[PDB]
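*Asks:* One structure follows; several queries about it will come next.
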Amino acid sequence: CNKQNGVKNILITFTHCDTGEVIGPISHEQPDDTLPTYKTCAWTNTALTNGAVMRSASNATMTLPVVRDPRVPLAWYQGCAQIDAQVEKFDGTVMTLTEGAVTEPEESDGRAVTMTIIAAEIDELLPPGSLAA
Amino acid sequence: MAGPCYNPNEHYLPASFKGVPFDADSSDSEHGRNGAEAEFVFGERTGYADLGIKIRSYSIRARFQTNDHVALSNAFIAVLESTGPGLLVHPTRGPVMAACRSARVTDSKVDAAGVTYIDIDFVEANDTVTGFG
Amino acid sequence: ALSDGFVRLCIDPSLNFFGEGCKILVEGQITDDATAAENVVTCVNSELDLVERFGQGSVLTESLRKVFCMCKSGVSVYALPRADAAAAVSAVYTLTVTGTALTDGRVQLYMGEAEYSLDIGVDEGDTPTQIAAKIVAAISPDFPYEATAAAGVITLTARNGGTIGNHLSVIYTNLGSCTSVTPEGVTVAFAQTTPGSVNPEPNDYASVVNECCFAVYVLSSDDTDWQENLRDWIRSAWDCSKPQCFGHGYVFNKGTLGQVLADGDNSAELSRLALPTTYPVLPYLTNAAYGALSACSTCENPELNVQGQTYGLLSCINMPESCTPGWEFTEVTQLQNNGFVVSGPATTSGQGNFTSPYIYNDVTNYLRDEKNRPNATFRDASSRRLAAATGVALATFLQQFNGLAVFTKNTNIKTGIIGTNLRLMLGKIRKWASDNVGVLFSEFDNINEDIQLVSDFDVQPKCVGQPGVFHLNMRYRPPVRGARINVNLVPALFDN
Amino acid sequence: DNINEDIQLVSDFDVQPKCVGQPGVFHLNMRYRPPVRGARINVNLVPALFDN
Amino acid sequence: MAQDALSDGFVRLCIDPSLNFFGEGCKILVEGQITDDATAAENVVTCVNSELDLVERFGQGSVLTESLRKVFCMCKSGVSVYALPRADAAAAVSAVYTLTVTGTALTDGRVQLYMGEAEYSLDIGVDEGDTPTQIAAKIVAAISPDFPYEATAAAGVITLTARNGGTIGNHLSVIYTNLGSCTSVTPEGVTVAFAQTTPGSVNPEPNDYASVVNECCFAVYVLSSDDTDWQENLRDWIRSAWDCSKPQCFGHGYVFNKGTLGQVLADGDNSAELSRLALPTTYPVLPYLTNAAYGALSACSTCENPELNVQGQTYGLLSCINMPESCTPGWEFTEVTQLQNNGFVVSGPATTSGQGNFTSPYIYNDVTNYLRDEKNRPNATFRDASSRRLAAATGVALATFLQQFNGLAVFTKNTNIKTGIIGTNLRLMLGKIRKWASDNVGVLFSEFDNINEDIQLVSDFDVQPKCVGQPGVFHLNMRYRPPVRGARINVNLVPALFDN
Amino acid sequence: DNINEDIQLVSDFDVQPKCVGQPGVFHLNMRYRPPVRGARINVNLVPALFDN
């Protein structure tokens, strides 16, 4: 079953900034029917006149809606801790992020959290039989 | 700053002046070097001559939010007007000697009641002997 | 720390030297008076302890003196003294002085290395050959040769037996218009009378250096069999049958072109240094300098290459300029193509003035392969250092999977469990490999095919594998040291 | 591996012969496998070179 | 303990640059002559590891060694080489070639000769005039030791004799490159004449393929002889590997033919397994060197994906072979058209010029010698070489898919399967197969003209008469078409101009 | 050290046995640490001499 568009495993690893504590790669589950969205190219093109373009720095962004683990303070899920995430889709694609940070957190009711993460780069592992190197 | 493990209280020194603590809100500075650029007449070449260091200058902004801010704010102004220069703990430039050159105190009763801002403009002041050399 | 002046903070220093992560081992002969026990590795402190601990003018002391003078600090030294063979013979050299000094003047000689040079003034005019030969009273004690000062002729006898005392070529000023107020009418003749006989062949490396890690091995000898034993030992340190200690060795070979090329045993664990038959410096002194310079006193960065006139300058060695290059250019190319290391002067002159040598190519003695194919995988010495660094660094990274729950045959991990599966593990490793591009690897040709992870259940047949064992297969390539860009000039005399 | 065969519950009457079984006595059999954790990783490093 | 990081024993490290991650690629078999000094046994298939193992194992300058040298040079990785060394006949006669020098040098200059292949060409410069023919013939000191011929170095003339007896050494060629001097200064008054005096006569005819290659699947067979009878023996063996009597061992073979257009065309034998390379009587390169290079290139080095043709200036360039430039193509275009239409391979230089530099030929068309179907009716089903490769892949892939029906309950008399049974019948099996054929369209097949008639399935009972058919035996018939790819574009350019 | 474990609150009904406790009585257990007033740091000099 390789044509199913869905998420299989979500692993996160927090790192408290003020105490250096580290929590193993706990697993998570998603709150609703939405899926994470990704952006892996760290350059943005602006449209000039007559087909030209302009490049801008930009970053690599992630969006990870996940159910809060009842054994971790809600603050950690917001911008009070480092994050290291991994998402494994059903088809086989695996995408890893390290040294990410949360930006502009919004209020949450205690169960559903929608983290927005940014990192230098995101590594993608395509299923067997890729074309590009 | 990069990474989510930054700690602003650990990298910025606590401001002060003549020993009285105060809450800083901004930190600027100005450096340079005095030149003597000269361009000849009918010539395709120019010149230069370094002729000393330029006097620094610092500007800071302070905020008072605590209960009964007028007493503290109105009592801090009595220190800026004290005769002579004194030690200044710049939040980022470290301890230096400076003399206050101006200060504008902003306040309101209906637009913003309960917070007082005061801008400052410091100047480096190194003690000099009185016998002119 | 705990003191009378109580204050919020307490402090506690312990000692000065701290760079114990780098080690070097020096091996050589000793003399009778040495108090150090033979065949026992012992740490070496600064030069003060020398002489007494290893004898006066012994081969080991001279090698150690250069090692300390090149690496002032940042490395830790070790010594492995060895004793002479049972029936070793000592070489003898003769230096006869003739004629009567009929003018006031001075005589100066250069032997072995600049540190042993002497300069004495002829007592006066009309001093015969016997009052002359006072040179014996001037020769420095550290010289490995003993002067007897016979009647009219001075005899130099090696202080150590074996073939190690068969290298000399003297430079003097007792003729020609080089009138450093030269004493007119004096001449000197140089000749050899007896060679060395027997060298030791220790083979107990597995017992005295057992399970101890060293970075650079330095060997102050020219016995081919002795060097071969060292190569075999190093292989064992890089073997797959046990945890590895890694390391690298430095040796030298001296002789004509035909002789030197005959020592190419195709060893990737050694860096053989080639010298000509008329080298004006004692051989092992130069070899020690090269080893010490590359003995991590500069190579804390594995990527660094010890070459050129800037990084590969053996400053401590001073030798007068020779009258001929020694290694003809047609011969220099052959030696480099055969995996040898060649050194030469770092400055231009032909005056007989003083210069210093530097190293052209930092290359091991690697050629062909186990399957007999030719390649340059371990050509540059930096490849060996980088390979060791990758092995250690990779092992540390994988440590985080020790004691971690692993799920196979059902890849869905329950909520709240702390674990991982094959695909997630492979993805994490790929992230580490890519980030190191430009530090330990160059860009992979195909990163999707040069890394593979398979559980042991997929390798062994049914009901034979073990639970929780993986096989990791990886291929990499060190950075790129240059490329060739053929140019095609064109003057295009015509316009438009 | 197969939870349908790794757990069984049988009453006393079915095991013992007639007039020997006792009421309210059960025999329960079960086999289980403890958790698995990483134990060893074998690495086969294969260096190569960028020729010339 | 050793280093601390590796002491705990959680990680075992192994460093060896000789390890091979992937499985061995396709196998290529090379066959030819050897010399007495070779230590390899005759008529024994052996593996090969590196170039340096040659000479010692296959003699000095033998036919087999030269063929293997090119094969290793073309295939950098992804192939395993095997060798089958044969031996000279008892009554072999070695060819003899003579090269004479005339006149005497009178001006300084250089002379360079091209002997068979660029790797064996030599450059020798006469340093001074007044040097007679005897001061010349210093070439013998410059001839490569690995040259397949022996330099006699007689008085003023050098005699070249082949190291392997037979007709194989009857194709050498030497050219005076500097004759048309443009930049190089040739000496004045020096001339070189090349001629033959004795040809080879006897060739071996081994016929023991069924014993030495018994039941092992090779990919490519390369032969280094011009004997037609020897080539015919190889073709018969390959057919036995494609036969229907026993399990197949599909393979393909490469050979060459040299001579005039009349003689070469007479060698055709309507072989669907051989890829005959046609060469002219004035080919500067040694024939058996080009044959190996082409076959080696077509090996897994370029045929891991079976659908790739070996043509054009990109995918069919024998970069390992260099021959001098020339103004004469060798094959006239009319001759080229005739050869191509008769199932022969043709090659031509990459670039044409008169300067006399070196170039590498490339294949014009990749074709097999299949011209007429069985029962003598023409078609072009197996014209393209890739067609044979596709057929082998199609058969194997279909066989693997059909394995799922092994040991499956079947119903033929009453077609209603009761609830709970695991089984199938004729119609359901046919339906499943049809799905597979349609799914593979665009990968191994072109669209079926009428799939309802191109696939059929019949049980054994329906075919055999009463009380003769066995249970559980099925007959499957299929027709398929390989994919189509661009082959040629005709351009009719019609210029025009504005009205003045 | 661990604020989640150093403070506990239990009603008297959960300490005494059945029908022995009293209503509206609690037991509070707290563990604390006074402010730190010291620190020990050990130092090394390591005066280098090589260029890099």
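Simple scheme: letters A, B, ... for chains in structure tokens order, numbers from 1 for residues in each chain, numbers from 1 for ligands in the order shown.
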Need the shell around residue E:437: protein/DNA/RNA residues with any atom at most 12 Å away, counting only C-alpha atoms. Skip same-chain ones fewer than 4 positions apart. Format as a compact mmCIF listing (two decimals) with C-alpha atoms, in the first residue's frame?

*Replies:*
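Listing of selection.txt after writing:
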```
# COMPACT_ATOMS: atom_id res chain seq x y z
CA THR E 394 10.33 -10.41 -20.99
CA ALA E 397 9.82 -11.47 -15.86
CA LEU E 398 6.78 -13.41 -17.07
CA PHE E 401 5.00 -13.66 -12.22
CA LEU E 430 -6.56 -15.43 -17.90
CA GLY E 431 -8.00 -12.27 -16.36
CA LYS E 432 -5.07 -11.92 -13.96
CA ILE E 433 -2.51 -12.36 -16.74
CA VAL E 441 2.68 -1.28 -21.25
CA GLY E 442 5.28 1.44 -21.72
CA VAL E 443 8.00 -0.51 -19.86
CA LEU E 444 8.44 -3.77 -21.78
CA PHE E 445 5.67 -3.64 -24.42
CA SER E 446 4.09 -1.31 -26.92
CA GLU E 447 0.31 -0.99 -26.94
CA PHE E 448 -1.30 -4.23 -28.07
CA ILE E 451 -5.26 -7.62 -26.62
CA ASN E 452 -8.36 -9.82 -26.76
CA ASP E 454 -3.05 -11.55 -28.63
CA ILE E 455 -3.43 -13.60 -25.41
CA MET E 478 1.02 -14.61 -26.27
CA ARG E 479 2.06 -12.01 -28.82
CA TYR E 480 3.84 -8.79 -27.90
CA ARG E 481 5.59 -5.81 -29.48
```

*Asks:* Working over all C-alpha atoms in order, superimpose chain F onto chain D by least squares and state the RMSD in Å.

*Replies:*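 C-alpha RMSD after optimal superposition stands at 3.0 Å.
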
*Asks:* Using DSSP assignments from the backbone, pull out every residue in chain A that falls under strand (DSSP E) and give it to me as a PyMOL selection string.

*Replies:* chain A and resi 7-12+15-16+26-27+37-39+44-47+53-56+60-67+81-89+94-102+112-119+123-125

*Asks:* Select, from C:102, C:296, C:51, C:171, the residue with the minimum atom-to-atom distance to chain F, counting only C-alpha atoms.

*Replies:*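 Selected residue with least distance to chain F: C:296.
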
*Asks:* Could you tell me which residues of chain E sit within 10 Å of chain D when counting only C-alpha atoms, and give me the result as a ChimeraX atom specification?

*Replies:* /E:9-21

*Asks:* Counting only C-alpha atoms, which residues of chain A fall within 10 Å of chain B, and what is the closest atom pair for each with its distance in Å at one decimal, ordered by chain and rising number, as a tab-separated table?

*Replies:*
```
residue	atom	partner	partner_atom	distance
A:15	CA	B:5	CA	8.7
A:16	CA	B:5	CA	7.9
A:17	CA	B:5	CA	4.7
A:18	CA	B:5	CA	7.6
A:20	CA	B:5	CA	9.2
A:79	CA	B:4	CA	7.5
A:80	CA	B:4	CA	7.4
A:81	CA	B:4	CA	6.3
A:82	CA	B:4	CA	5.5
A:83	CA	B:4	CA	8.7
A:99	CA	B:3	CA	6.4
A:100	CA	B:3	CA	7.0
A:101	CA	B:4	CA	5.3
A:102	CA	B:4	CA	7.8
A:103	CA	B:4	CA	9.7
A:118	CA	B:3	CA	9.6
A:119	CA	B:3	CA	8.6
A:120	CA	B:2	CA	9.7
```

*Asks:* Return as a list in words the residues belonging to chain E that are within 6 Å of chain C, counting only C-alpha atoms.

*Replies:*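 In the required form, that comes to residues 2, 3, 14 and 50 of chain E.
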
*Asks:* I need the residues from that last selection saved to file as a compact mmCIF listing (two decimals), in the first residue's frame (with C-alpha atoms), if you can.

*Replies:*
```txt
# COMPACT_ATOMS: atom_id res chain seq x y z
CA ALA E 2 42.45 0.29 22.07
CA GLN E 3 40.85 3.69 21.33
CA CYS E 14 36.20 -2.62 9.27
CA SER E 50 43.34 -6.70 -12.81
```

*Asks:* I'd like the contact shell of residue D:27 - 8 Å cut-off, only C-alpha atoms, skipping same-chain residues fewer than 2 positions apart - returned as a PyMOL selection string.

*Replies:* chain D and resi 9-12+25+29

*Asks:* Generate a file of the selected residues that holds C-alpha atoms, formatted as an mmCIF file, in the first residue's frame.

*Replies:*
```cif
data_model
loop_
_atom_site.group_PDB
_atom_site.id
_atom_site.type_symbol
_atom_site.label_atom_id
_atom_site.label_comp_id
_atom_site.auth_asym_id
_atom_site.auth_seq_id
_atom_site.Cartn_x
_atom_site.Cartn_y
_atom_site.Cartn_z
ATOM 1 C CA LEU D 9 -7.567 -20.778 28.943
ATOM 2 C CA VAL D 10 -8.955 -24.178 29.946
ATOM 3 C CA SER D 11 -11.302 -25.222 32.737
ATOM 4 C CA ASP D 12 -10.357 -27.926 35.222
ATOM 5 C CA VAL D 25 -10.441 -24.005 38.920
ATOM 6 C CA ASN D 29 -0.955 -20.950 29.641
#
```

*Asks:* Mind listing as a list in words which residues of chain A are within 12 Å of chain F, counting only C-alpha atoms?

*Replies:* residues 19, 71 and 73 of chain A

*Asks:* Take the residues from that selection and write them out as a PDB file, in the first residue's frame, keeping N, CA and C atoms.

*Replies:*
```
ATOM      1  N   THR A  19      18.060  24.455  31.366  1.00  0.00           N
ATOM      2  CA  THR A  19      18.572  23.403  32.232  1.00  0.00           C
ATOM      3  C   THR A  19      19.313  22.302  31.487  1.00  0.00           C
ATOM      4  N   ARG A  71       2.739  14.145  29.453  1.00  0.00           N
ATOM      5  CA  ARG A  71       3.865  14.071  30.375  1.00  0.00           C
ATOM      6  C   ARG A  71       4.921  15.132  30.096  1.00  0.00           C
ATOM      7  N   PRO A  73       5.502  19.508  29.816  1.00  0.00           N
ATOM      8  CA  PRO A  73       4.843  20.802  30.022  1.00  0.00           C
ATOM      9  C   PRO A  73       4.487  21.466  28.702  1.00  0.00           C
TER      10      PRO A  73
END
```

*Asks:* List as a list in words the protein and nucleic acid residues near residue C:444, meaning an atom at most 9 Å away when only C-alpha atoms are counted, but skip any in the same chain fewer than 3 places from it.

*Replies:*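 That gives residues 133 of chain A; 434, 437, 441, 447, 450, 475, 476 and 477 of chain C.
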
*Asks:* Keeping only C-alpha atoms, write the selected residues to a file as a JSON list (two decimals), in the first residue's frame.

*Replies:*
```
[["chain", "number", "residue", "atom", "x", "y", "z"],
["A", 133, "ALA", "CA", 21.62, 12.20, -6.54],
["C", 434, "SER", "CA", 25.73, 15.26, 4.53],
["C", 437, "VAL", "CA", 30.76, 17.64, 3.61],
["C", 441, "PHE", "CA", 34.10, 14.07, 3.04],
["C", 447, "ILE", "CA", 24.27, 9.76, -1.54],
["C", 450, "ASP", "CA", 26.51, 4.86, -0.81],
["C", 475, "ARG", "CA", 31.39, 4.60, 1.10],
["C", 476, "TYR", "CA", 32.99, 8.05, 1.16],
["C", 477, "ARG", "CA", 35.72, 10.13, -0.47]]
```

*Asks:* DSSP on the backbone, helix (DSSP H, G or I) only: what residues of stretch 3-131 of chain B does that give? Format it as number ranges by chain.

*Replies:* B: 8-11, 69-80

*Asks:* Write out as a PyMOL selection string each polymer residue whose atoms come within 8 Å of residue C:479, counting only C-alpha atoms; drop sequence neighbours fewer than 2 positions from it.

*Replies:* (chain C and resi 438+440-442+477+481) or (chain D and resi 50)

*Asks:* Could you work out how far atom CA of residue E:73 lies from atom CA of residue D:51, giving the answer in Å with one decimal?

*Replies:*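 Between these atoms lies a distance of 15.4 Å.
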
*Asks:* Show me, as a list in words, every residue of chain C with an atom at most 6 Å from chain A, counting only C-alpha atoms.

*Replies:*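 Interface list for chain C against chain A: residues 415, 416, 417, 418 and 446 of chain C.
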